Asker: 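Here's a structure for you.
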Amino acid sequence: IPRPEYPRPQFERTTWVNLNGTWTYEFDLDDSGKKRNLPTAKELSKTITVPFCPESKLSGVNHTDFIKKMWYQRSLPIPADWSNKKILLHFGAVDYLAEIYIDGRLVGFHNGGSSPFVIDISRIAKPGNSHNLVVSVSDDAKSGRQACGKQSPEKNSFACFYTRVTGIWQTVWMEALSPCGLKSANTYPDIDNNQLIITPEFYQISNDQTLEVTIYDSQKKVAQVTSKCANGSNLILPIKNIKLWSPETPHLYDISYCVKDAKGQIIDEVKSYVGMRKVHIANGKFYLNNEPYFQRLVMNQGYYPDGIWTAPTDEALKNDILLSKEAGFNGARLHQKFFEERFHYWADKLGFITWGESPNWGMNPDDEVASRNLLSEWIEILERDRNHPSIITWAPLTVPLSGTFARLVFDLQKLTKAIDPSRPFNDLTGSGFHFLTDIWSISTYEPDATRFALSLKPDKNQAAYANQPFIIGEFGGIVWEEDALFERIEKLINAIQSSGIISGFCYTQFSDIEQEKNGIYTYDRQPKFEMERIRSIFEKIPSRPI
Ligand SMILES: [Mg+2]
Ligand SMILES: [Mg+2]
Ligand SMILES: [Mg+2]
Ligand SMILES: [Mg+2]
Ligand SMILES: [Mg+2]
Ligand SMILES: [Mg+2]
Ligand SMILES: [Mg+2]
Ligand SMILES: [Mg+2]
Ligand SMILES: [Mg+2]
Ligand SMILES: [Mg+2]
Ligand SMILES: [Mg+2]
Ligand SMILES: [Mg+2]
Ligand SMILES: [Mg+2]
Ligand SMILES: [Mg+2]
Ligand SMILES: [Mg+2]
Ligand SMILES: [Mg+2]
Ligand SMILES: [Mg+2]
Ligand SMILES: [Mg+2]
Ligand SMILES: [Mg+2]
Ligand SMILES: [Mg+2]
Ligand SMILES: [Mg+2]
Ligand SMILES: [Mg+2]
Ligand code: NA
Ligand code: NA
Ligand code: NA
Ligand code: NA
Ligand code: NA
Ligand code: NA
Ligand code: NA
Ligand code: NA
Ligand code: NA
């Protein structure tokens, strides 16, 4: 079974099934599948390896041309000892519109090709029996309604656009739990008050139901509290001598969640973790844990030669972060894609700061329906990723290459502040223009290093300018297939270093991708250059100044 690992490792139960592996599929050229009763089909015409999209080699299908409509199918065995449980069916992502059938009946649907969804099958699922699961998939970027990221709008890859991703591109899985279990737990690290706040949510709360929370440093229990179950009520976990999370020291505390019925019997157990860290802007600087922090970022566009949007293995996700740090970067912009959850896990574990962004390219910037679609995907991703210490900035919009766009800029700023005030917000990347931002990013690919140094200033005449930390969001981009190359990159880093007013940078980019040969690494993650040299250049500006 491919990608067998637990797909939600910051909220982990043991009672799950991985549904990756061999499914059946069909392309539906004339959109006739419903006429041909595909929802009651027990086997479709061909086979595919989920969770790899059909454009991928790892799917075994390798069909890169446009796929407008397709169908997936497999048998869904429900384990016998899931008796009388709540049973959830989870899809990480399906591009773009998914309609879910069980035993031929429509049980759910999801609009948004990059965001997770869940179907409560508690009422339909018959433990110790097998159902027929059929998934209908639509994908039509030409509509202008879809957030596509870097997926090519042309048949072939060209310029900065790459291979498409249709259908199921993340792990499909099921879990069973108490009807009265823990739906979620938001973690709020508060380093100024030496404590962790937890806000729980339960599916249902019975007679005298309690939740017990224990915090661990390794095996050492450092905090514990019990409470009577109430949605949205605060549990306070005091932590003396907090071990702070940073890229340089990625310390995590373990959490156990224990839900008990009126008899003190355990009905639900969940495992989690947290990184005790604080991020805020003040006085023109960016602060990690109440001290300045210099961001040494590389642009990561999250493409893999054999899996396209899908990492071939857990190891390939982890390895992108290790290769990023070996090049001297302390973090990445996660660009034009919602990354897989386990990527944020390895960023949490290995020590790596990230910007969470969106695949906003490929939407018609005059279509309010495109705006409507991105707002809901964005909410789903904030819900999915809000507990990750590695994410230290949200940046949901890159300018594309008519106030609908300006309206969406302000709506995402207000929505994101309301959902998550813990992280700085960057309203707009890829230009020098801002509407309302915590972060003053600019983009400069000026090849001449004298002209480059002079481009290194914010436009303070813009109404939005309010002494925000100044970040070079995009620079470099040097195309390659040596000493000459190293000089060029070193000249840019020294100009940034000499500036005295810059809070961080992001180098374009981590790896080559198809025709774009502007990575530090090849597309198959091989060094292009003497790594000792690369690292000594990109590491020159320290994480912690002076
Ligand atoms: Mg997995
Ligand atoms: Mg589970
Ligand atoms: Mg894939
Ligand atoms: Mg999926
Ligand atoms: Mg989806
Ligand atoms: Mg069915
Ligand atoms: Mg579109
Ligand atoms: Mg969308
Ligand atoms: Mg596509
Ligand atoms: Mg697939
Ligand atoms: Mg690969
Ligand atoms: Mg995995
Ligand atoms: Mg995406
Ligand atoms: Mg991350
Ligand atoms: Mg959209
Ligand atoms: Mg930032
Ligand atoms: Mg943005
Ligand atoms: Mg709009
Ligand atoms: Mg950008
Ligand atoms: Mg901009
Ligand atoms: Mg960049
Ligand atoms: Mg190299
Ligand atoms: Na996964
Ligand atoms: Na889900
Ligand atoms: Na979907
Ligand atoms: Na993309
Ligand atoms: Na982006
Ligand atoms: Na994001
Ligand atoms: Na974006
Ligand atoms: Na962005
Ligand atoms: Na915005």
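These numbers come from the heavy atoms of this one structure, side chains and all, not from hydrogens, waters or symmetry mates. Position 1 is the first residue of the sequence, and the numbers go up from there.
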Asker: Measure from the side-chain N and O atoms of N231 to the backbone N and O of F202, and report whether any donor-acceptor pair falls under 3.5 Å.
Answerer: yes

Asker: Using distance alone, with no hydrogens and no angle criterion, decide if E514 and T163 have a side-chain donor and acceptor under 3.5 Å apart.
Answerer: yes

Asker: Inspect the surroundings of NZ in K183 and state if more than 12 heavy atoms from other residues, nucleotides or ligands are less than 6.0 Å away.
Answerer: no

Asker: Where is the tightest heavy-atom contact between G113 and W169, given as atom of each residue plus distance?
Answerer: O-NE1, 3.0 Å

Asker: Parallel, tilted or perpendicular, judged at 30° and 60°: which one describes the rings of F11 and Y257?
Answerer: tilted

Asker: List the steps, then state whether side-chain contact (heavy atoms from CB on, under 4.5 Å) holds for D208 with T210.
Answerer: CA-CA 7 Å; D208 286 84; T210 55; over 6 Å; no

Asker: With distance as the sole test, does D120 use its side chain to make a donor-acceptor pair with the main-chain N or O of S122 at under 3.5 Å?
Answerer: yes

Asker: Would you check if the side chain of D306 reaches a backbone N or O of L58 as a donor-acceptor pair within less than 3.5 Å?
Answerer: no

Asker: Is there a donor-acceptor pair closer than 3.5 Å between any side-chain N or O of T249 and the backbone N or O of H251?
Answerer: no

Asker: Can you confirm whether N129 sits close enough to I78 that some side-chain heavy atom of one is under 4.5 Å from a side-chain heavy atom of the other?
Answerer: no

Asker: Whether the side chain of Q10 engages the backbone of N387 through a donor-acceptor N/O pair (distance < 3.5 Å, no angle test) should be reported.
Answerer: yes

Asker: Should the ring pair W173 and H90 be called parallel, tilted or perpendicular, given that the plane angle runs from 0 to 90° and is split at 30 and 60?
Answerer: parallel

Asker: Provide the closest heavy-atom pair for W82 versus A176 in the form atom of the first, atom of the second, distance.
Answerer: CD2-CB, 3.3 Å

Asker: Strictly by modelled atom types, are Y162 and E516 linked by a side-chain donor-acceptor pair under 3.5 Å?
Answerer: yes

Asker: Starting at CG of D95, measure out to OG of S115 and round the result to the nearest 0.5 Å.
Answerer: 9.5 Å

Asker: When the ring planes of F510 and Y521 are compared, do they come out parallel, tilted or perpendicular, using 30° and 60° as the limits?
Answerer: tilted

Asker: Will you find, in the side chains of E201 and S184, an N or O donor that is under 3.5 Å from an N or O acceptor?
Answerer: no

Asker: Is a side-chain donor-acceptor pair under 3.5 Å present for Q224 with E212?
Answerer: yes

Asker: Are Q336 and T398 close enough, and set up right, to give a side chain to side chain donor-acceptor pair (under 3.5 Å), and what steps lead you there?
Answerer: CA-CA 8 Å; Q336 280 302 315; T398 303; 3.2 Å; yes

Asker: When you measure from the side chain of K349 to the backbone N and O of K318, does any donor-acceptor pair fall under 3.5 Å?
Answerer: no

Asker: Which atoms form the tightest heavy-atom contact between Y72 and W23, and what is the distance?
Answerer: CB-CE3, 3.8 Å

Asker: Only one of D314, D385, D320 clears salt bridge (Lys or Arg N to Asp or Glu O under 4.0 Å) with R342; which?
Answerer: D314

Asker: Looking at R333 and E357, is any side-chain nitrogen of the basic one under 4.0 Å from a carboxylate oxygen of the acidic one?
Answerer: yes

Asker: Show, in sequence, the C-alpha distance, side-chain angles and deciding distance for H388 and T354, and conclude whether the side-chain contact (heavy atoms from CB on, under 4.5 Å) test is met.
Answerer: CA-CA 10 Å; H388 290 287; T354 61; over 6 Å; no

Asker: Contact between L252 and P389 at the side-chain level, heavy atoms closer than 4.5 Å - yes or no?
Answerer: yes

Asker: How about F286 and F294: do any of their side-chain heavy atoms sit closer than 4.5 Å?
Answerer: no

Asker: How long is the span from the OG1 atom in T313 to the CG atom in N319, to the nearest 0.5 Å?
Answerer: 8.5 Å

Asker: Assess the side chains of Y96 and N373: does a donor N or O sit below 3.5 Å from an acceptor N or O?
Answerer: yes

Asker: Within a radius of less than 6.0 Å around CG of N84, do more than 12 heavy atoms belonging to other residues, nucleotides or ligands occur?
Answerer: no

Asker: Name all residues meeting the side-chain contact (heavy atoms from CB on, under 4.5 Å) criterion together with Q413; count only those two or more places apart in sequence or in a different chain, and write none if there are none.
Answerer: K417, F425, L436

Asker: Heavy-atom count check: over 12 atoms from other residues, nucleotides or ligands less than 6.0 Å from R372 CZ?
Answerer: no

Asker: Measuring only between side-chain heavy atoms, which start at C-beta, is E380 closer than 4.5 Å to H110?
Answerer: yes

Asker: Under a plain distance cut-off of 3.5 Å, with no hydrogens placed, do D190 and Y188 share a side-chain donor-acceptor pair?
Answerer: no

Asker: Yes or no on side-chain contact (heavy atoms from CB on, under 4.5 Å) for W361 and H335, after CA distance, side-chain angles and deciding distance?
Answerer: CA-CA 10 Å; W361 279 20; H335 192 64; 5.6 Å; no

Asker: Without hydrogens or angle criteria, can the side chains of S246 and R277 be said to hold a donor-acceptor pair below 3.5 Å?
Answerer: no

Asker: Can you see whether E55 engages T166 through a side-chain donor-acceptor pair at a distance of less than 3.5 angstrom?
Answerer: yes

Asker: Side chain of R8, backbone of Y6: donor and acceptor closer than 3.5 Å?
Answerer: no

Asker: For the backbone of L19 and the side chain of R74, can you confirm whether one donor and one acceptor N or O come within less than 3.5 Å of each other?
Answerer: yes

Asker: Looking only at the side chains, is there a donor atom on one of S390 and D348 sitting less than 3.5 Å from an acceptor on the other?
Answerer: yes

Asker: Can you tell me how far CH2 of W378 sits from CG of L397, rounded to the nearest 0.5 angstrom?
Answerer: 8.0 Å

Asker: Can you find a heavy atom in the side chain of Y273 that is under 4.5 Å from one in the side chain of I255?
Answerer: no

Asker: Side chains of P305 and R525: does their closest heavy-atom pair fall under 4.5 Å?
Answerer: yes

Asker: Please lay out, stage by stage, how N289 and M276 fare under the test side-chain contact (heavy atoms from CB on, under 4.5 Å).
Answerer: CA-CA 9 Å; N289 304 323; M276 298 296 298; over 6 Å; no

Asker: Taking the ring centre of each residue, are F117 and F91 less than 6.0 Å apart?
Answerer: yes

Asker: First locate atom CD1 of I124, then atom NE2 of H131, and finally report the distance between them rounded to the nearest 0.5 Å.
Answerer: 5.5 Å

Asker: Has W346 got a side-chain atom pairing as donor or acceptor with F352's backbone, closer than 3.5 angstrom?
Answerer: no

Asker: Testing the 3.5 Å rule here: is there a donor-acceptor pair between the side chains of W355 and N426?
Answerer: no

Asker: Is it the case that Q146 and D139 place a side-chain donor and acceptor less than 3.5 Å from each other?
Answerer: yes

Asker: Just do the side chain to side chain donor-acceptor pair (under 3.5 Å) check on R3 and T310 with the steps written out, would you?
Answerer: CA-CA 10 Å; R3 299 293 304 286; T310 310; 5.8 Å; no

Asker: Which atoms form the tightest heavy-atom contact between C506 and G473, and what is the distance?
Answerer: CB-O, 3.2 Å

Asker: With side-chain contact (heavy atoms from CB on, under 4.5 Å) as the test, pick out the partner of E175 among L88, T14, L89.
Answerer: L88

Asker: Grab the two heavy atoms, one from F338 and one from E377, that are nearest each other, plus how far apart they are.
Answerer: CE1-CB, 3.9 Å

Asker: Cation-pi check for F339 against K337: NZ or CZ below 6.0 Å from the six-membered ring centre and within 45 degrees of the axis, yes or no?
Answerer: yes

Asker: Under 3.5 Å, side chain of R423 to main-chain N/O of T416, donor-acceptor pair present?
Answerer: no

Asker: Can you tell if the side chain of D192 reaches within under 4.5 Å of the side chain of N290, non-hydrogen atoms only?
Answerer: yes

Asker: Specify the closest pair of heavy atoms between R164 and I308, including all atoms of both residues, with the distance to one decimal.
Answerer: O-CG2, 3.8 Å

Asker: Does one side chain, of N234 or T199, offer a donor that lies under 3.5 Å from an acceptor on the other?
Answerer: yes

Asker: When rounded to the nearest 0.5 angstrom, what is the spacing between CD1 in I267 and CD in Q209?
Answerer: 4.5 Å

Asker: Within 45 degrees of the ring normal and closer than 6.0 Å to the centroid, is that where the cationic atom of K150 sits relative to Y303?
Answerer: no

